[PDB]
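# sequence plus experimental coordinates follow:
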Amino acid sequence: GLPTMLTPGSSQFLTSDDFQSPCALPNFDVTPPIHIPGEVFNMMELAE
Amino acid sequence: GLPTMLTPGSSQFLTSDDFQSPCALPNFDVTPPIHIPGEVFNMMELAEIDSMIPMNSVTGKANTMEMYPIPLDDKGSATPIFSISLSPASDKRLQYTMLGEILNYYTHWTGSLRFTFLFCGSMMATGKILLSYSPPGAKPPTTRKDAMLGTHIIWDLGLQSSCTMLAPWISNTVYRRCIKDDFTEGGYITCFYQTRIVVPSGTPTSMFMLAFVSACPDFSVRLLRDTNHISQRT
Amino acid sequence: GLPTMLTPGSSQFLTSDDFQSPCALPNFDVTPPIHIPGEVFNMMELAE
Amino acid sequence: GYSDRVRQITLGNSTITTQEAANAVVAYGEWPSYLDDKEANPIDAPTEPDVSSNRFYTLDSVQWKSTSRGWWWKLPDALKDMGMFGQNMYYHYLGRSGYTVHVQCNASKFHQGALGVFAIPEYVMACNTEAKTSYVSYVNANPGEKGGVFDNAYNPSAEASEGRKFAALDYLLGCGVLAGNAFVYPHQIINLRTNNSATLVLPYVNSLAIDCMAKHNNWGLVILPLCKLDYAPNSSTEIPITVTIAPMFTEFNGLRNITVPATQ
Amino acid sequence: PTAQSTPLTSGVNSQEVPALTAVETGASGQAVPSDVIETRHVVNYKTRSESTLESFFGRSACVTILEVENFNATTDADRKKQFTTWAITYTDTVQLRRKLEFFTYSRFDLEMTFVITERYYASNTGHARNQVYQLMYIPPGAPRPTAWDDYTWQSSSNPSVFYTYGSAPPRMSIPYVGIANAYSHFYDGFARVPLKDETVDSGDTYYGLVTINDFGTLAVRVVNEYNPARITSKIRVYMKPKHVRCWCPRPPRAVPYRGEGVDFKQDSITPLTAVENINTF
Amino acid sequence: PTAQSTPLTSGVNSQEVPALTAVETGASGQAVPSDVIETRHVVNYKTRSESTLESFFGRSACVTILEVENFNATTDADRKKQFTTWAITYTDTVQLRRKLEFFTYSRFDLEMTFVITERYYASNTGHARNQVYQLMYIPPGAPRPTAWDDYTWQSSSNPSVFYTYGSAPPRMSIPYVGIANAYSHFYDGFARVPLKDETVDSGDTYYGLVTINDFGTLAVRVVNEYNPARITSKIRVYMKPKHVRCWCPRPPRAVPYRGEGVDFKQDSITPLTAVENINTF
Amino acid sequence: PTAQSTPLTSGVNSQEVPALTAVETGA
Amino acid sequence: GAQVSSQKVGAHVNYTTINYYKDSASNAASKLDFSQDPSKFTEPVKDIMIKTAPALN
Amino acid sequence: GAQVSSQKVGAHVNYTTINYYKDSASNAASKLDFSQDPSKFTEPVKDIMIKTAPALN
Amino acid sequence: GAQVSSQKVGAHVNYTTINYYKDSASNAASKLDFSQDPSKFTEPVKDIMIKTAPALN
Ligand SMILES: CC(=O)N[C@H]1[C@H]([C@H](O)[C@H](O)CO)O[C@@](O)(C(=O)O)C[C@@H]1O
Ligand SMILES: CC(=O)N[C@H]1[C@H]([C@H](O)[C@H](O)CO)O[C@@](O)(C(=O)O)C[C@@H]1O
Ligand SMILES: [Ca+2]
Ligand SMILES: [Ca+2]
Ligand SMILES: [Ca+2]
Ligand SMILES: [Ca+2]
Ligand SMILES: [Ca+2]
Ligand SMILES: [Ca+2]
Ligand SMILES: [Ca+2]
Ligand SMILES: [Ca+2]
Ligand SMILES: [Cl-]
Ligand SMILES: [Cl-]
Ligand SMILES: [Cl-]
Ligand SMILES: [Cl-]
Ligand SMILES: [Cl-]
Ligand SMILES: [Cl-]
Ligand SMILES: [Cl-]
Ligand SMILES: [Cl-]
Ligand SMILES: [Cl-]
Ligand SMILES: [Cl-]
Ligand SMILES: [Cl-]
Ligand SMILES: [Cl-]
Ligand SMILES: [Mg+2]
């Protein structure tokens, strides 16, 4: 195998992490999107 | 070594994963392929094949060949000939059709259903039969005058032996669930004499038709699951 | 470190595996080859 | 002039006509053919008997009555004693064949009934003892042209030695699946008001290019009354069903002395 | 590629009659909604991705549960608990089997995965060091072990996997290994032709795929010698067909299996629940 | 893209009156400081990055705590402790739920993560080998287990994850699986229309999203057979919405929840603490 | 590279006799 | 030898594959194959049947 | 198929992403989307209102 | 220094190798070598023997 070396952090679950992960339902065909009124993009829109 | 850091998921065995793995028999020479008839690529190809609905699975006929033929006669009763809900995965009669069996490996379905009827009386028997599909939310039809307000076809018996009634895809949700479920209920299929079956003398006055169901080309399924139709003791 | 995730098979010893491994005698100078009669390449040569 | 109801089929010195057909089925959309060099296996020059063997053989007729539960045959078993086809089959270790199957059943415009006619690849059937599994004798599995019948009851034998035959239970298709789903197999229906014959053209089907015909049946032929025979003037009337089958594109390898299978 | 979109259509009054057909032909009904109703245009963006054969079969399914133990065995029966052998098959369980049996023939590579678990047999006998397992694939003809520590486990040619308890479930791929051009899920025949007047027994012979199939044997042991504490283990074997092709569809199994064949059981041949009436919504 | 910079402005004496409006129109106040004071120029380099929906929801939140055990069960109640089933939902806890309920509709993929912990039930019963867990997702319709070792766990088609105690928290992604074009966080309606003079019960029927939602079931077991030492386990389930879209904002939940609906509790409907006076700094 | 394919051949009546040899040669 | 292909779409677009093993049996799942021909099972008839025409003429 | 994008700045500039999975649902977080249109909530009026003008004229 | 080569075919096509070590002894298995010359064992004769001819003339 490719020689590797584990660094600190290895195996931790940080709740604000941002990693890829395998899909439990591979090749699932999501329901097509349609336009719905009132889309929000930012919580600051609501603050205004 | 290359510095790396293990993420969540590490070492788990997810049964729907899709990874490479080492081959236990390296450089194995597989038997060359040859053409075999009847190759299948998609389970929906199989869902488009007609199979018989066990429409008359009443006590004494369920689990016999007599569960399939739908009784007809020349008496012209106003009573419905058969009535069944559009619940193709969960209905007691639809669940064991080929389409029903395929649907029970999935959670969601969408599309139009095709019901094809074959009249098996004598050539001398004539008749007109109303076949109806009523989308849900109203009183289930038990009379012809309610049934005929829905989607329907009037079938004239004759040289062309078979008539196809469609339950077109008419749904609030984009998919229905492959279980009995009020929210994704599909509606009501019924059948009435439009005139009556008429025969001359020396001819059987009772007879049968066969009902088939299949999926249309607009039909698809999602969310693979285990079926409730097979089990074993442990 | 580079984020990685271990898959099934990790740490197993499959006797028909085909991986690289570190050399216990690095920069060893092998005896030069010479031609020897009767080289065999395939067991099917012997079967004939 | 030409009609989906009127057909002629000629193979070798034999011809069939029908005037009340309903098209014809070509199983899986594939006509039979000879074995290509790029898919071949045994290397001896094959025997291709052509017209001597690739011709219509008519089996003994059976009687359809209001109480009949159905009939089955296996192929090439049903043709094993048919003229030169049978001889070529038994003189060789290996054989392959397609078929034209023509099922015949006429009645009148006053009779009614419907037969499902199915061609089933690898038609494996259940045995008739619960003391064992997969426990069927060669002789009972291979009845020849007489075929067998279905029943609507399952009564497995008290003793294993007495149950070495098929439990041909009609609604389970003799094999633990619901008969209403048999339509996934190549089929036609003989519905007496519409037609008096079924025609199915079958390619060779197997996981091999060629195989031992005396060991292995490639196809089952099933005839099930889907709607019972009825005739008002006489409910106990009987009408014949006649099965006529032609091998096609037959090819045989591994010639030796003749195979004579056990008969008991 | 998507499922079929629906075209805008109105009504008809015509000698064209797509609502009628004749299924005696062997053709299924073909008509679609636009043939028998007025339809709007609906663009269908949905696909049949999850019902391709690869998607339908793309799961590791448990096919058997094996047992092995590690303790100081003093009887023949207890010596036989120190290793186990299993004829490789998918017929010990029902779920994957039923899915495969939608088809007559198939061709696929296999991913095999294993889940290995232990428990202490008792608590008054001390403890046990972490165990290493050997799972050896014995192809037909190779010698089978008669003891957990006999010469066969040296496995010079048979593939073996050594698994260390607590590590990730072990896994390997197997090619399509069939001696025919596809696997047969059903075989309507015998392994040999019984001949006229031969003395060979015809009363206790079998029928079908069981007479011809042989995918070899999986042999499993704990490699460690015994601890004072007896450890009992289960090995669950998982199969996933991949790179799949299948031919000749079949009706699915409708009633319980009772063995490796198609046989059925007299008390379990009534799958349908009777409806009250033919008119029951 | 940054938040708004402030322009250099002085004073005015003008018929332009940006300080006045009429909120009867349904428009909020619009005026900014430069409209009502003298302002300097201030360049604003600050961004609203952390209040995008992806940022607001970009956290794994605990949504439930499940319990399972492994021991020699001799009663029905104890047999039911060997596995657990949970109807998948975000309503067992309050924090993620409240955030989602700022919106009427949403569409997202899900990252699910699990934290699994054990303790010994007692100390006089020896020890226990390291345990493997199976977490099986049972979509609506698939058979649910009635025992920890029944046939359902073979999981030929349901996705399962096998987790080895002590390994990294297991994790998988789930697509947007809704049968509508978005998830509904609120549904002002019923699952069926009750009809005139029908005999169906109308006295014990429910209302809203609970009558129509079904995301299936999570089933969990310890795969190992029992040790002499009873082990009790907790499985914490975490959800992170990702690739998020949301529609139709709502006032946030102001008082405690008391179940899966919008109902409130009589002793907990006074969120504000009264001020001493309207003039209290 | 594959194992040997088999050519289409018929029969012979010939002074060419590939069926005979002499293994005394060491071949 | 990296293969770049389209992902299956989610809620709201490419991925990379490299094969690490010398045997194709080691590879991950075959790519989605949308091939189909239902008519070999739903309409395996010798003579073409036009829907709008009579099945039997 | 490597994507190179700007990092969010820290105390004192690019990063690389490769997607490993065939389903987009497996992907990491969507990239920062600074889109907004507060006026659909703060000013959803039929007739344009100019701030400097009277709201009601 | 990546080597891209054909895989051994399976049921239903390239793979990549990079050597990580400075000694060739560390490398994975040699690539399939289909070389053969059975005649050095099956026909090691001084004078050519034509099959169709007599072995001894
Ligand atoms: C498999 C099994 O049931 N093992 C049990 C054992 C054995 O029955 C006896 O030790 C054999 O003598 O007894 C225990 O009380 C123990 O030793 O702690 C509990 C343990 O679970
Ligand atoms: C969950 C719990 O409270 N377990 C406690 C047990 C049980 O109460 C009894 O053993 C049951 O008989 O008792 C202990 O004294 C023990 O066994 O060491 C402490 C332990 O924490
Ligand atoms: Ca010839
Ligand atoms: Ca129309
Ligand atoms: Ca489309
Ligand atoms: Ca100003
Ligand atoms: Ca700015
Ligand atoms: Ca027509
Ligand atoms: Ca103003
Ligand atoms: Ca010679
Ligand atoms: Cl390596
Ligand atoms: Cl290094
Ligand atoms: Cl009954
Ligand atoms: Cl780093
Ligand atoms: Cl015979
Ligand atoms: Cl005999
Ligand atoms: Cl050893
Ligand atoms: Cl040891
Ligand atoms: Cl009922
Ligand atoms: Cl299990
Ligand atoms: Cl265990
Ligand atoms: Cl105050
Ligand atoms: Mg005869």
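Everything's here; your move. Numbering: from 1, shown residues only, chains lettered A, B, ... in the order given. Ligands and ions are numbered 1, 2, ... in the order given.
# wait, does the longest strand along chain D contact chain G?
Using DSSP state E, we find that the single longest strand of chain D is strand D:239-255. No: using C-beta under 8 Å from any C-beta of the partner chain, strand D:239-255 stays clear of chain G, with a minimum separation of 12.3 Å. C-beta: built from backbone N, CA, C; applies to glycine.
# what comes up buried for that strand?
Buried residues in strand D:239-255, counted by 16 or more other C-beta atoms under 10 Å in any protein chain shown: D:239, D:241, D:243-253.
# CSV please, covering these and showing distance to ligand 21.
CSV is the format used below for the buried residues of strand D:239-255 (distance: C-beta to the ion, whole Å):
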residue, distance to ligand 21
D:239, 64
D:241, 59
D:243, 57
D:244, 61
D:245, 57
D:246, 60
D:247, 57
D:248, 57
D:249, 57
D:250, 57
D:251, 55
D:252, 55
D:253, 53
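# for residue B:50, state which of those is nearest.
Among these, residue D:241 lies closest to residue B:50 (C-beta to C-beta), at 23.2 Å.
# which ones are touching that closest one?
With contacts defined as C-beta atoms under 8 Å, 6 or more residues apart in numbering or on different chains, residue D:241 is in contact with D:61, D:62, D:63, D:64, D:71, D:103, D:104, D:105, D:115, D:223.
# any idea how far residue B:224 is from it?
To residue B:224, residue D:241 is 43 Å away according to C-beta to C-beta, to the nearest Å.
# go on, residue E:29?
Separation of residue E:29 from residue B:224 (C-beta to C-beta) stands at 27 Å.
# ok, the helix or strand encompassing residue E:77 near ligand 1 or not?
Here residue E:77, judged by DSSP states H and E, is contained in helix E:76-79. No: Helix E:76-79 lies out of reach of ligand 1 by C-beta under 6 Å from any ligand atom, never closer than 13.6 Å.
# which stretches of the stretch 51-200 of chain E form strands?
Here the stretch 51-200 of chain E has its strands, by DSSP state E, counting those that start in this stretch, at E:61-70, E:83-87, E:103-120, E:132-138, E:160-164, E:171-174, E:183-184.
# same list (the ones you listed) but as JSON lines, adding mean neighbour count and distance to ligand 14.
Listed next are the strands of the stretch 51-200 of chain E as JSON lines, based on neighbours: other C-beta atoms under 10 Å in any protein chain shown; distance: least, C-beta to the ion, whole Å:
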{"stretch": "strand E:61-70", "mean neighbour count": "21", "distance to ligand 14": "39"}
{"stretch": "strand E:83-87", "mean neighbour count": "18", "distance to ligand 14": "45"}
{"stretch": "strand E:103-120", "mean neighbour count": "24", "distance to ligand 14": "31"}
{"stretch": "strand E:132-138", "mean neighbour count": "21", "distance to ligand 14": "33"}
{"stretch": "strand E:160-164", "mean neighbour count": "21", "distance to ligand 14": "28"}
{"stretch": "strand E:171-174", "mean neighbour count": "26", "distance to ligand 14": "29"}
{"stretch": "strand E:183-184", "mean neighbour count": "23", "distance to ligand 14": "48"}
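# nearest to residue E:24, of these?
That would be strand E:103-120 among the strands of the stretch 51-200 of chain E, by C-beta to C-beta, at 25.1 Å.
# most centrally placed residue in chain A?
With distances taken as C-alpha atoms, centre = their mean, the residue of chain A nearest its centroid is residue A:18 (6.4 Å).
# so that residue touches residue F:60, yeah?
No: counting by C-beta atoms under 8 Å, residue A:18 does not reach residue F:60; the two are 10.4 Å apart.
# ok, residue E:236 - contacts?
Residue E:236 sits next to E:62, E:64, E:65, E:66, E:114, E:115, E:116, E:117, F:223 when contact means C-beta under 8 Å, 6+ apart.
# helices of the chain, start to end?
Let's take chain A. Assigned by DSSP state H, the helices in chain A fall at A:43-47.
# try again with chain H
Ranges of helices in chain H, per DSSP H, are H:39-42.
# give me the number of residues near whichever residue of it sits closest to ligand 11?
At 8.4 Å from ligand 11, residue H:20 is the closest residue in chain H, using C-beta to the ion. Look at residue H:20: counted by other C-beta atoms under 10 Å in any protein chain shown, it has 16 neighbours.
# that one and ligand 3, how far apart?
Taking C-beta to the ion, to the nearest Å as the measure, residue H:20 falls 53 Å from ligand 3.
# what's the answer for residue A:23, then?
Separation of residue A:23 from ligand 3 (C-beta to the ion) stands at 58 Å.
# residues near the closest residue to that residue other than its chain neighbours, how many?
Spatial nearest neighbour of residue A:23, excluding adjacent residues (C-beta to C-beta, 6 or more residues apart in numbering or on different chains): residue I:23 at 3.9 Å. Other residues near residue I:23 come to 25 when the count uses other C-beta under 10 Å.
# give the contact list for residue I:23.
Listed by C-beta under 8 Å, 6+ apart, the contact set of residue I:23 reads A:23, A:25, A:26, A:27, A:28, F:173, F:175, H:7, H:8, H:10.
# what sits against the closest residue to ligand 5 within the stretch 1-150 of chain D?
Residue nearest to ligand 5 within the stretch 1-150 of chain D: residue D:29 (24.4 Å; C-beta to the ion). Shown in contact with residue D:29 (C-beta under 8 Å, 6+ apart): B:37, H:37, H:39, H:40, H:44.
# what of residue E:33?
For residue E:33, the contacting residues are B:112, B:166, B:168, B:169, B:216, B:218, E:6, E:39, by C-beta under 8 Å, 6+ apart.
# doesn't residue E:31 make contact with the first one?
It stands for residue B:112. No: in this structure, residue B:112 is not within contact of residue E:31 by C-beta under 8 Å, at 9.9 Å.
# overlap in contacts of those two?
Joint contacts of residue B:112 and residue E:31 (C-beta under 8 Å, 6+ apart) are residue B:166.
# tell me the spacing between residue H:14 and residue A:32.
To residue A:32, residue H:14 is 21 Å away according to C-beta to C-beta.
# so who does the residue in the stretch 1-150 of chain E that ligand 23 sits nearest to touch?
In the stretch 1-150 of chain E, the residue that lies nearest ligand 23 is residue E:26 (28.3 Å; C-beta to the ion). Counting by C-beta under 8 Å, 6+ apart, residue E:26 makes contact with D:22, D:23, D:25, D:186, D:187, D:188, D:189, D:200, H:44, H:45.
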